[PDB]
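Some notes on the structure that comes next.
Along the sequence shown, the residues carry numbers beginning at 1. Any value given below was found using the heavy atoms of this structure, including those in side chains, with hydrogens, waters and symmetry copies removed. Just so you know, ligand 1 is whichever comes first in the structure, and atom 1 is the first atom listed for that ligand.
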Amino acid sequence: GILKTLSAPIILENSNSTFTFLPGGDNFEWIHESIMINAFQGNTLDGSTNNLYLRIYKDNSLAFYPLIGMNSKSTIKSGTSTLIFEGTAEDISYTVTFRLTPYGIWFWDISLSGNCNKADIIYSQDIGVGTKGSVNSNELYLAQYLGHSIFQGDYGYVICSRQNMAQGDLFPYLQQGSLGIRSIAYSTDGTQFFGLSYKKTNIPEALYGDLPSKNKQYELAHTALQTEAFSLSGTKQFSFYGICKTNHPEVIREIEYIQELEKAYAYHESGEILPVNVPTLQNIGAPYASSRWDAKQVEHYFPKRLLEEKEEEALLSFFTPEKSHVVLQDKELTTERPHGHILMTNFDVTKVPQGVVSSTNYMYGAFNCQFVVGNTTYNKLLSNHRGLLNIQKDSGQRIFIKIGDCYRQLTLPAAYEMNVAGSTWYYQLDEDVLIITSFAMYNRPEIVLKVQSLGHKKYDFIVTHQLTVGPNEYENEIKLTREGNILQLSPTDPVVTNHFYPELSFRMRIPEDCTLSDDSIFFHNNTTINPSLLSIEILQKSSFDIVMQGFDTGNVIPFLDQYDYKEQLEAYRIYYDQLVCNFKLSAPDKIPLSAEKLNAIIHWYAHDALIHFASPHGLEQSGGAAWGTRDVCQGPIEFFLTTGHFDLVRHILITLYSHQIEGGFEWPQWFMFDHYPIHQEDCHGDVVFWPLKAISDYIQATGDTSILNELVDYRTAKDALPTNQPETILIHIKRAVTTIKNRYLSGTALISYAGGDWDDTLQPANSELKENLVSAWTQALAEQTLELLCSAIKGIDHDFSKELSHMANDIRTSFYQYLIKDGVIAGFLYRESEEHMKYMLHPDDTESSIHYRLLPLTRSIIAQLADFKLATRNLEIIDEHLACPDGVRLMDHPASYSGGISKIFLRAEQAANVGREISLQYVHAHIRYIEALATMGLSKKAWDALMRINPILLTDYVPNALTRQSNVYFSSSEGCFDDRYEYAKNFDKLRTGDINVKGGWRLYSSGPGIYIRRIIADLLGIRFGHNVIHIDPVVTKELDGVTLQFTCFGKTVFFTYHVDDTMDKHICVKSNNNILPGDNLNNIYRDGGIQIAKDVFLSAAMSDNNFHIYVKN
Ligand SMILES: OC[C@H]1O[C@@H](O[C@@H]2[C@@H](O)[C@H](O)[C@@H](CO)O[C@H]2O)[C@H](O)[C@@H](O)[C@@H]1O
Ligand SMILES: [Ca+2]
């Protein structure tokens, strides 16, 4: 059985423009040359995101009617470049004429006839303004770089947008406005038009009032324009228009293309314009959102609640003793980002896994998106989640339920409960509760949907599945076979998946009495439009399930007879416990809140980190699949080193070293770690150090110098194929270090910036910057890394170890000689020669608004590179110029923004949106600040810093922080600034907490792993070494009397902290009152902790596993 692909049947063409529509006239793909103008493709059930709304004002009501798309009930005529919608709203007759002209200009001509006292129109248009691949890859990201400029033309507001992130080499542009009627108000983001309330009501919030007339630069690029209100008695006519320019290299300064628009306006197609058949929804109602639960209901279903978050006495969220996090409906309506979750199947934690099964879900009834087996991009069954507000609500697995006459799509539940093993949705129905559960099987490549009516009441359902079977929906045909209640799905030949995973298939077990169709069953006349929407109609049932299996290599297994959530929950609980070494903080009296939060969060962060590693994708950042080179060296390796998963790390390192590129002998920016030969051979300048650092850390932690003699291949730059000319990892290392020697600016050991450093938004804007910039952070990391490498290699190759020492000394010397002035480490040096040198991100750069950088300041402490006095200074700089209530910032002022053109840094100066790194509080870098504080023993700052970025009860800790999902990592914290200009002007609000701040992209980050390492290794102070344990806590008096349960070398022990500032020594460890012998650790900033031998430590733990740690902070 072959499922055909959706093709938009309405195809408008003119010149270099192809605009396609679904049968009801919903935007599908609007292409001008190589630029996609819309942000979202319409789908056959919801239609598209754009519309034109007629509003009617009366004495006792406001009404609002969409005029286009499947939801208008318009009849439709088409020609080759023209679309004509016709219908009535109340007693107003309308016609809307869409004209696609030859000039990369389009019109919506509106004509209204009838009698009414007061009406207006709202124009609504989602805009991508990138290549097709850019749009599909990540709409949110693309929108962040689309800068809007607002002008008054002859007919009120006109919206001009420039895409600042290069598309090919082009910077595309849009203009939108009105003709023959004044646009009296405008908005530029989806959150302004639809609002958060949409996620419940399914009605765009702006429809009830006036547009705000503010440009909000956020992630839903969405233009709206509101006409002046008018009377009708007879006929009135007017237009909206758009203009696309594929390349607008200048910044936007005024309204352009006035004469071209006037010309285009006069354009009409000669041909006939003929009726087309419009399929119409049959017995499909509006979506169904649950009613909200009251306190009695919450109490009944969740009698045991922890860490309750309340606002205005409404319960928003809480955690449970079962390690779940529960979200109530009201919270979702306040959070800009949608609550969500990623399921992932367990794997053998001694090896880099393959074929891991993953699924994503969200609270507003996206039960299962991006079902994948192995590769998260290509080995996929269900389409990705897109957007933020669930306008387009088709993705992945969706559920309709019949209520009265009508099937209604489930959206927002009363409550949403996440566990590491699954998600559960509770919908309140009339005198019933429907429980939906989507969950991972333990030891099996499966996700399971279960639906249960609590009162055993029977309902009718349609479960839809937007199939991919391949990377994307609507690309390729799909093989579908059925045997009884088992479907098997596999990719057809053209699909890339087919080439590298030829045996890949999915299977679905469906309910015994169900009927199978495509979208045909939704329409009055049974017309298939989207043949790859797999629909399962299930009649008069009080429960059912659908079980989804994935087989990347075709190892098909039979379905179990019963699929039990509770058993998986228990198994995943133990799996995660073991992953974190049975981490548990306890105390006899009330545990401190900080410890209570750590116990709550640590397995969530473990889960996040484990996804980042094994099934790499995020919520917003859905497109991943690859390992990032620096990424895998940080979150995953640091997590695994911290918890003793040394075999896994060894394997990760061998896999990583195999991906070093032949010839250049650096690493790609990122690479697939499966059979897809795909990588990005161009890299940032910092990337070469990470694998060097990580291997040194592994060697130091395990003593496993054998990893250096392993024979490991390389990859070719263009093809990403094995070179089949392996060498020892030692020789890999040598070749990588040669590249580093070649980075020296002549006459120095200053490392050239090259492709950039850690901050992916600070890529050099030209080749002079690439050659003559020096990042002080990079310099520091290079020193750190070469010293670590020196030590790891000292026993194996004396001569190379000696050379590494020299190099490190030279780099160190250059760092102190060039990059420090007046006690301040410069962010950057620009050096043409000894005679022409200048600082950036240093107080000496008086022309600049930017005078301090965080990164060099932390790294130089972490590396023990900064002498005690310099380090001390670094901290004072942070305190005075970088520290904010939401954490430490990356620089003391934003990067330049002047309409989107880059002068020094690329994406930092192009981002229209205040978010991500541009927010200047990127959490990962804050976590490094924590590491530096721990290095210095500054326990009160370190623990306060730890809590500032902890999502559990964040709003109580950081009063200007806006609430966000509490059981997932947030990557950034950004001021609620609508544009870069306001951001620059009122930046100081961030220091004082006089602006609100909101959370960034979730889950996918090295942050969760490196946070874990901060908690356990740096602060609680339990670290593993070659047949030794290091105890070096940096704790506050608040942890006095608190105990950590932790499994060490396979033995569970209990570390009880005693914080005694009156002791004559720094640290003392006891078991059964016997003092444990050991050596003191090296630390230039403070007294170090203690190194105890493994044999000694274990011998003590066998007789008494309660270790008492006496420390003086
Ligand atoms: O997706 C937007 C973000 O991309 C980050 O770089 C990603 C990296 O996180 C990922 O591990 C690899 C492999 O999928 O792809 C890179 O493009 C940048 O650091 C961010 O600035 C950007 O927001
Ligand atoms: Ca105490």
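With 3.5 Å as the limit, one finds no donor-acceptor pair spanning the side chains of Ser1071 and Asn1106. Using modelled atom types, one finds no donor on one side chain facing an acceptor on the other under 3.5 Å when comparing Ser622 with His617. Side-chain contact check for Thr778 and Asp686: no donor-acceptor pair (N or O, by modelled atom type) lies under 3.5 Å.
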Could you walk me through whether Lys998 and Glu336 pass the salt bridge (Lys or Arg N to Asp or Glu O under 4.0 Å) test, one step at a time? CA-CA 9 Å; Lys998 63 189 177 178; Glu336 196 163 63; 2.6 Å; yes

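Residue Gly624 has at least one heavy-atom neighbour below 4.0 Å for each of these atoms of ligand 1: 14 (O). Which parts of ligand 1 touch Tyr1004 is read off a 4.0 Å heavy-atom cut-off, strictly below it: atoms 9 (O), 10 (C), 11 (O). Within ligand 1, the atoms closer than 4.0 Å to a non-hydrogen atom of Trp1001 are 1 (O), 2 (C), numbered from 1 in the order shown. Every atom of ligand 1 is numbered from 1 in the order shown, and the set under 4.0 Å from a heavy atom of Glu917 is 19 (O), 20 (C), 21 (O). Using a 4.0 Å cut-off to heavy atoms of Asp760, the atoms of ligand 1 that qualify are 6 (O), 18 (C), 19 (O), 21 (O).
Put simply, no part of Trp627 is less than 4.0 Å from ligand 1, judged by heavy atoms. Using a 4.0 Å heavy-atom cutoff, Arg907 is listed among the residues neighbouring ligand 1. Remark: distances from the non-hydrogen atoms of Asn138 to ligand 1 are all 4.0 Å or more.
The aromatic ring centres of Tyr378 and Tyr676 sit less than 6.0 Å apart. A centroid separation of 6.0 Å or more is found between the aromatic rings of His659 and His679. For an aromatic pair to be called close, the ring centres must be under 6.0 Å apart, and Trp627 with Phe613 satisfies this. In this structure, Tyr922 has its ring center under 6.0 Å from that of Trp758. If you look at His675 and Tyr501, their ring centroids are closer than 6.0 Å. Ring pair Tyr657/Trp667: centre-to-centre distance below 6.0 Å.
The nearest heavy-atom contact from the protein to atom 8 (C) of ligand 1 is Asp631 OD2, 3.6 Å. Ranking the protein heavy atoms by distance from atom 16 (C) of ligand 1 puts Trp670 CD1, 4.4 Å first. With respect to atom 9 (O) of ligand 1, the closest heavy atom belonging to the protein is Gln621 NE2, 3.1 Å. Looking at atom 22 (C) of ligand 1, its nearest protein heavy atom turns out to be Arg916 NH1, 3.7 Å.
Residue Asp589 does not count as close to the Ca ion (ligand 2), with no N, O or S atom under 3.0 Å.
Within a 4.0 Å radius of atom 6 (O) of ligand 1, the protein has at least one heavy atom.
Sorting the N, O or S atoms of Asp1040 by how far they are from the Ca ion (ligand 2) puts O first.
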